[PDB]
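What follows is a short report on a single structure.
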Amino acid sequence: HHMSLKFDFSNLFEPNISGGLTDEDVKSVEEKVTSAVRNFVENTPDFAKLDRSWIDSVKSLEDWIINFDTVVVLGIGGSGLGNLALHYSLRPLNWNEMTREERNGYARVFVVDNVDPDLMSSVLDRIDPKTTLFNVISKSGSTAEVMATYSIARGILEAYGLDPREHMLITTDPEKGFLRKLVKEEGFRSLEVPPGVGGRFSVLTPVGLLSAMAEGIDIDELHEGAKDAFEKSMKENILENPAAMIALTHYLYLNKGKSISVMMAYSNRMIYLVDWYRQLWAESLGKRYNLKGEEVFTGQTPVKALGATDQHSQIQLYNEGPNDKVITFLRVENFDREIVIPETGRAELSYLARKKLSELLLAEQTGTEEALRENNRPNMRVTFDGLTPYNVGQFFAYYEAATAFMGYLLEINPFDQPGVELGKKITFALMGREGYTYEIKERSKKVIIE
Amino acid sequence: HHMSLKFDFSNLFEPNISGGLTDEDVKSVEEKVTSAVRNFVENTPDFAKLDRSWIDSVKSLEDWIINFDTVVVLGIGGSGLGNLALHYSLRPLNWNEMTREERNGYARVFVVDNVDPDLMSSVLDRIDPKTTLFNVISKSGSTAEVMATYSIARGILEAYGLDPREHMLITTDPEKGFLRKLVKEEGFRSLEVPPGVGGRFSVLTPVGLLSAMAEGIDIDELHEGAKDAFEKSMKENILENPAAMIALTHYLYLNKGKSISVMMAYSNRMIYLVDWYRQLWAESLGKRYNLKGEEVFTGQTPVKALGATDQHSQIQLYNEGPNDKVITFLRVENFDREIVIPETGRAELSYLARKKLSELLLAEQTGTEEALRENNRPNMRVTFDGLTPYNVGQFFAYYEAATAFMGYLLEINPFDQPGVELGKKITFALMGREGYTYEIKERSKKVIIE
Amino acid sequence: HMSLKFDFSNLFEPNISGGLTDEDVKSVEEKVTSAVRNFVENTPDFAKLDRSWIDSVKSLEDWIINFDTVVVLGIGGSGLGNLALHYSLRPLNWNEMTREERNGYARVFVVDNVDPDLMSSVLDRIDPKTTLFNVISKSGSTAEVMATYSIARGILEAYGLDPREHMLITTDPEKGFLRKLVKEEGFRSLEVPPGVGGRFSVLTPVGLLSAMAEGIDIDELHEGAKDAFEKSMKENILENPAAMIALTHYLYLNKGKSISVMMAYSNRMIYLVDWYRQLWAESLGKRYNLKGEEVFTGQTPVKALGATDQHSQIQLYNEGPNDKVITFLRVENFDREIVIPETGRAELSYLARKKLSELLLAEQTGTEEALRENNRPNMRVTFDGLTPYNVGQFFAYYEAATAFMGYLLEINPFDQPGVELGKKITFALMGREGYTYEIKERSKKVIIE
Amino acid sequence: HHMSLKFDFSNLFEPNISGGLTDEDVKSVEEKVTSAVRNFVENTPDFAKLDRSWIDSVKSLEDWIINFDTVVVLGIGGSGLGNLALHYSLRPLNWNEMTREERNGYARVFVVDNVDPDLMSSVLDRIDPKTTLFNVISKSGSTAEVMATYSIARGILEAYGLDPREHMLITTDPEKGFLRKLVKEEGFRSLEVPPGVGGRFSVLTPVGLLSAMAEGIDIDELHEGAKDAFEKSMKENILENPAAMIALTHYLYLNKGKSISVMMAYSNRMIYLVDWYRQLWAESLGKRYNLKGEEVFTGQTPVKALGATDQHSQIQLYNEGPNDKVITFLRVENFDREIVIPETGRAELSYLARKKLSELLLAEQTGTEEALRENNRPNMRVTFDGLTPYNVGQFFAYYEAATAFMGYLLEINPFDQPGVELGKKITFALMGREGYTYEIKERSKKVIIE
Ligand SMILES: [Cl-]
Ligand SMILES: [Cl-]
Ligand SMILES: [Cl-]
Ligand SMILES: [Cl-]
């Protein structure tokens, strides 16, 4: 009883929407898409290989991890969102507020992926350092945010007379960077960010799997789902290849003025899956220069929505504003807690009486999707039979491959992020970091209301 | 020691950005903007009046509310996001996980603004019904989601033999709708959604103020901030009028291809302020037809970002992708818990040693803003001296007025939401609701991978 | 409110063979009377009990209720007083009681060492969010207090707590590093009075703050101290306990009693004995007299606990060298009077249905009599109960007595020059700027590993 | 891993101190010392034999002892201090205030070694009789203080309807005395105080081992250290024999007017090791008569000091008062919780910044030792590499041997205590005990102030 995600691309096509994609459209790109799949098969990126050592190196720590009642991940972006996505999608929303008995002995997971002291302080107020493991995660080994939060955690351990080696696990490049040097000099336990895997493609590497295993997620089943997804993503038959289809259809639509991808998840536990997609799409495909060095300023802005909530926020705009969005719905059909709506005795509420609350949620997704179709707003749907590691591993793999394919189609490098470097340089200079000299000039025009 | 929000619109203008707005641009719209302000002054919408009864009717319940240790708001969109925005921005992030003593006797606030049973179940698992008040909030008195969650809460009270009148407070239109009838027939305590105030403009009405007061927020100071903001928003001098300036500059940019507003808050506690803005902007300004009945499909998609987090997700795209965004930063300069980064003894981290963690966060905002300027991406900044009710009330008022002004400039009705009605009709039909007959047709083209 | 009772009888002939005589008393009476008169005429600051000591501490009462725990970072004079007050005037499980059982008053922990097992164990028991650190140092730079201060402050900083909300500084009003910190950073503060040395400072804000925090009646503490200091100014030596303690101990020191044993018959009084230890040792253990002559004077104070140390030291006190004067502290009424149950066993009939304290008191009486019979000089200080009035009497009488002994021995009882060399060596070991002492390689090394 | 205690006797000798012991001094007593060691080897006292049955009898109760969460030792002196020495030195100071989980399942240990009702009542307020074992320990089987506390514990058990045999374990002489009778008549579990081992020499017998095993101390390792130390104590080469050297040097100094031994431990955890030593030295060596029946009134008063604390209490007197003391330091070089002193940013505290707090403690021991040397105060040092049962067993063994050797040198019986009997007789008479008739006479001279 493991099932493939189901994809329904029907509302992306004519005649389902007037303005839809056509058989001519598909034919216009089919060859370039098949070539993207072939290139993935022939020059497979490291992320798709799902090395056994990724699971094995994490399982090797399992006996040690059961010493801890909490794991705090000190990581950001690629080293933080995948942790939150796994945590939300694959444990109950009140996991960290459950007793240890309710958690069946597994650990609470907190992720500190910002340098806001209100965030760090609120996590620190919830943990006992004597029973906490900090997983310090940075590929580079020197991400400023992670250094700052590492410093705070280390300082607290020191002040309490706790051995940092008993409370910190370092996940970083096997050879380069400051955190790796710390490992080598001080003898920390460690895990690797694989050299050929970039942050935003690292969730199924030890980056994501350690905290997942800590909280009792079946990480083997997670890889089983991703494996099956990657295998379907290598099919040169595009009508059997969900990742190729996502790329094909989004590539075409980007070309036809759809500058926004909306991913709308009909589940509060899926919301961090959408944030993970946000970074994956935006950072991969949002590129100034193409592979030839030509200025292209390409990209499709990823927008996060939550159903049914955002029907009362964004659905007016999605139906009646500019037609610049392709909307992907994430639909889960079975819930771990199926609340039944009681009979209140009021005739006004008979349409709700003794139905599952999820029946209403699912009726809302269906109605929202249909209204959008009727208003010729292109949409597709990914359906999960439940929130299981198998299904979440599929999700990650399919979107990692699709993003890879879109970078091929757009003839850009989907695996770099040059646009982030300037802000960092300015910031380090502001922080007085040795060798950082950028000076922000005094402005001519100052338009302030103070 | 109450201070106005500071606005810096400088990076929206030439020469600060090449491509920026010009004095010619401002002159092109100045008159229409002054007229929007005059119209607001002369035909003031009910939301801007800040009726004393909004605070007084809530304070009248204060003695009763201190019976409860938890308030659960059963509301959605306009009746839910303002509650979450107040809760996050004006209490510590671990408020609901603090002891009652730590909360100084004030209540926990949970908001159930979805029909996902994983959400409702997780809140139900955290509360004792004997010490909980459900605030059921719907302007119409019949929002499906709110009916469903009301039914569940009522059913639990009944099964436990608790009197619903002792555990439910109804906030709805004073005269129309099912919830008002329930009030009248069964004798519930109640509060009003003011007839002339729409959901998305209702946060400073009893909709938002009840839960705020419950958790110990100074609701008087909240209105004091909003009052001062509304007064500045009635200034016909546009260079002294932050709301007029936001409208002026966003109107111009929408016209020049900036189809996205990004609001990027450098605070985890401000994140629900951004979601409140999301609904306010999208639902107000995302309109098919103008006031003349002409098809305009207007709108500017609001995008939520969090700094520094989203520097590792979206900043590549914001600097290097299409130039279709105006970015507003929210910057708070003082934090309730100022963590100091310890000295680790490592020369590599000297740039962080013994600085406030917030110094790094603030350096990151400044650097991110400068990089964007250098890449000619238009941006402005709203600076809060701290997270206080005064400053949050200002924020709400300024953006409510600015949205009002943009609807004038765009010559649409910013106070309706016709585009939501079709999805609801389809959903009710799917739910078998009497008199709802929409039938979804079988599709010609079915493109599925299953 | 009743006066401590003193019974000096077993210090005198014929009660002990070898005891003090009327001739002995006459030999020093005039010098003692002059000690008293000097105290009356040039009263040391500690004996003035300034109103501002209580008033400055009471000013913080409203603020202190924010905290469930006060941690005293202080050592010696700035630490033992707090412990003496804590143990003697609250039940032994006070810090392990619930807040309700404590009637809302705070837990008190004293970190008076730089052992990380001590600091760590206290930190493991506290919530920084509800903890006040009282950082106490007269000089403002005591190394041990700087070290513990640094740790507490670092924890406060890492958690984002404002140090001014969680630290109270007790130091000289004008001089020193801690006073500078107060003035530069705006900490709340209390004073160590300029003319009061650490070991004489328990009844100043040094001790009064943590005592108040835990709900001790500090007014009653001063009321007892006041009454005791009044009796200590009586020129009739037979009405003046402090003068009699100095008289008799001065005579015995001169007759080869090189040890004072203070043996308290109460586990709660044990830190009163430690406070006394520092007071007698550091005051009267002096190389030079007031003329600059080498005298190497001193009487080693020894801490004992009754009835416990009957099974540790009583063999030695009765059968070893006759070099000790033994002062008993006897408390006659206990806050929890446990009654020994009837077991039904004939062998235990002598215990059946008596107060456990009756056994304790019979043990003090028997121990005292056996020592008299063995001609070992002893006296007894009897408390009707462990109350602030009684404890304030105790501190005052002993502070006055130590002042008088310094007069009789013609030394300065208010300095401590012998501590400075070790500190200089230590700072040099710690690499402190301007400390250069180098410990030389030894000729003779006698090691077993 | 297991290391011998290191002894440094250097500052006991000339030229290290002027006035120090000389090679002539050593020659003066070498032969009598060698003869002490030989007597020990040839007529070994029962305490040094470390019978396997002392560990086995205690280990046979381990399954039963895990029923309890708390062991309360009712014993005094020899039957009480050893338990406290082991508890403090080999468990953290907050052991009894740790949760059961923090204690890894092992029991809390309270020792009630006084008939102060404030002691007993404070212990009783902390225990649940249903989960408590009272270990009632008296070699004689009739120690009054143990009878009284036994009576209290038993009465409580009775009045609650708990079976005393499920909550009391009796440790007493195998054949003689009231407690042994109780065992035989009522069927209590029991352990033996070995007939040839006196109380003050009983810590490593079941007297001490039971409570130690209950709190998780490795009692095998305790014996392994004691065994190695007793072996070194049987070496006729006095320069390889620590116990011989302690006895040699202290005997010489006692004869040169050092009437006081100061043991000053630089650890709050070692303070009860010092108290154990106090009873050992005082009760053994403080004798009126020698073995010939000649009046000697011999003895060296043992004084307890704690470093660094007592540098602010006693160090003035030790350096500047009578030169009547030999001072032994106990120095522990590694701590279980190694607190690092943070950097405060203050120039005044740069000599502390980022050093271990124990570096300061150790520097204080060294400086204190050197200043005492400079002032010609004889001192030695015992260095522990950590607080481990191996090191603590070594300590007890070496000091028990040393005391035996001192009694030989002093030609006294180190194994009796006739000076305690008079006080007991008087007390029993005051308590109205049948056959005790002592009458305290009215005094001639009464010198009282009331
Ligand atoms: Cl968004
Ligand atoms: Cl105040
Ligand atoms: Cl048995
Ligand atoms: Cl002592």
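Here the protein sequences come in this chain order: Z, U, R and W. Take -2 as the starting number for the first sequence in the numbering used here and just add one per residue. Take -2 as the starting number for the second sequence in the numbering used here and just add one per residue. Take 888 as the starting number for the third sequence in the numbering used here and just add one per residue. Take -2 as the starting number for the fourth sequence in the numbering used here and just add one per residue. Cβ coordinates follow ideal geometry from the N, Cα and C atoms, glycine included.
| Item | Value |
| --- | --- |
| Which residue spans inside the region 250 to 303 of chain Z form an unbroken beta strand (DSSP E) run of at least 3? | 257 to 262, 298 to 303 |
| What is the DSSP secondary structure of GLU221(W), counted as helix, strand or coil? | helix |
| Mind listing which residues have their beta carbon within less than 5 Å of any non-hydrogen atom of ligand 1? Chain order is fine. | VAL300(Z), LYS301(Z), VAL300(U), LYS301(U) |
| Go through its chain and collect everything with a Cβ distance to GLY75(U)'s Cβ below 6 Å, but skip five positions before and after it. | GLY196, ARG197, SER199 |
| With a threshold of 8 Å, are at least 3 pairs of Cβ atoms found where one atom belongs to the region 1089 to 1102 of chain R and the other to the region 1055 to 1063 of chain R? | yes |
| Under 8 Å, Cβ to Cβ, is there at least one residue of chain R near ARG328(U)? | no |
| Just mark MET1033(R) as buried or exposed, buried being the case when its beta carbon has 16 or more other beta carbons within 10 Å. | buried |
| Using the three-state DSSP reduction, which class does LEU327(U) fall into: helix, strand or coil? | strand |
| Going along the chain, which residues of the region 1046 to 1057 of chain R sit with their C-beta nearer than 8 Å to a C-beta in chain C? | No chain C appears in the structure shown, which is made up of the protein chains Z, U, R and W. |
| Does the beta-carbon of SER187(W), which I'm using as the reference point, lie nearer than 7 Å to any heavy atom of ligand 3? | yes |
| Please determine whether the Cβ atom of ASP307(W) lies at a distance below 7 Å from any heavy atom of ligand 2. | no |
| If you measure beta-carbon to beta-carbon, which residues of the region 330 to 358 of chain U are closer than 7 Å to chain R? | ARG334, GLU335, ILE336, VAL337, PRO339 |
| Against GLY152(Z), what residues of chain W qualify as contacts under a CB-to-CB distance less than 9 Å, listed in chain order? | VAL337, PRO339 |
| Mapping DSSP to helix, strand and coil, what is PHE107(W)? | strand |
| Would you mind giving the Cβ-Cβ distance between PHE326(U) and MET261(U), rounded to the nearest angstrom? I have them listed as a contact below 8 Å. | 5 Å |
| Could you give the first and the last residue of the continuous beta strand (DSSP E) run that contains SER187(U)? | 186 to 189 |
| How would the residue list near ligand 2 read, in chain order, if you kept each one whose beta-carbon is closer than 7 Å to any heavy atom? | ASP949(R), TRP950(R) |
| Apart from the five residues on each side of it in sequence, which residues of its chain come closer than 8 Å, Cβ to Cβ, to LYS178(Z)? | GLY138 |
| Please check the pair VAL69(Z) and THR129(Z), which I expect to be a contact at CB under 8 Å, by giving their CB distance rounded to whole angstroms. | 6 Å |
| What are the partner residues of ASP894(R), as DSSP defines its beta bridges? | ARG1267(R), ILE445(W) |
| Strictly by DSSP, which residues pair up with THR169(W)? | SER135(W), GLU189(W) |
| How many angstroms separate the CA atom of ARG151(Z) from the CA atom of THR341(U)? | 8 Å |
| Under 8 Å between the Cβ atoms of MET231(U) and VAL38(U)? | yes |
| Leaving aside the five residues before and after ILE153(W) along the sequence, list all residues of the same chain whose C-beta is less than 7 Å from its C-beta, in chain order. | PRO126 |
| Taking Cβ-Cβ distances shorter than 7 Å, what residues in chain Z pair up with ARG440(U)? | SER7, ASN13 |
| Would you mind reading off the limits of the beta strand (DSSP E) that contains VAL69(Z)? | 67 to 71 |
| I need the straight-line Cα distance from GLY72(Z) to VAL109(Z), nearest angstrom please. | 7 Å |
| Cβ closer than 9 Å: which chain Z residues qualify as neighbours of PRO1003(R)? | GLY158 |
| Any contact of the region 1168 to 1175 of chain R with the region 384 to 391 of chain W, i.e. 3+ C-beta pairs under 8 Å? | no |
| Per DSSP, what are the beta-bridge partners of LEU1019(R) in this structure? | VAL957(R) |
| When DSSP labels each residue in this structure, what does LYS232(U) get in the three-state scheme? | coil |
| Tell me, please, which residues DSSP counts as bridged to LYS353(U). | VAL337(U) |
| Residues in the region 123 to 138 of chain Z with C-beta within 9 Å of chain R's C-beta atoms, listed in sequence order? | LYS127 |
| Among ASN1000(R), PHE1020(R), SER1007(R), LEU1010(R), whose alpha-carbon lies nearest the alpha-carbon of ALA1030(R)? | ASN1000(R) |
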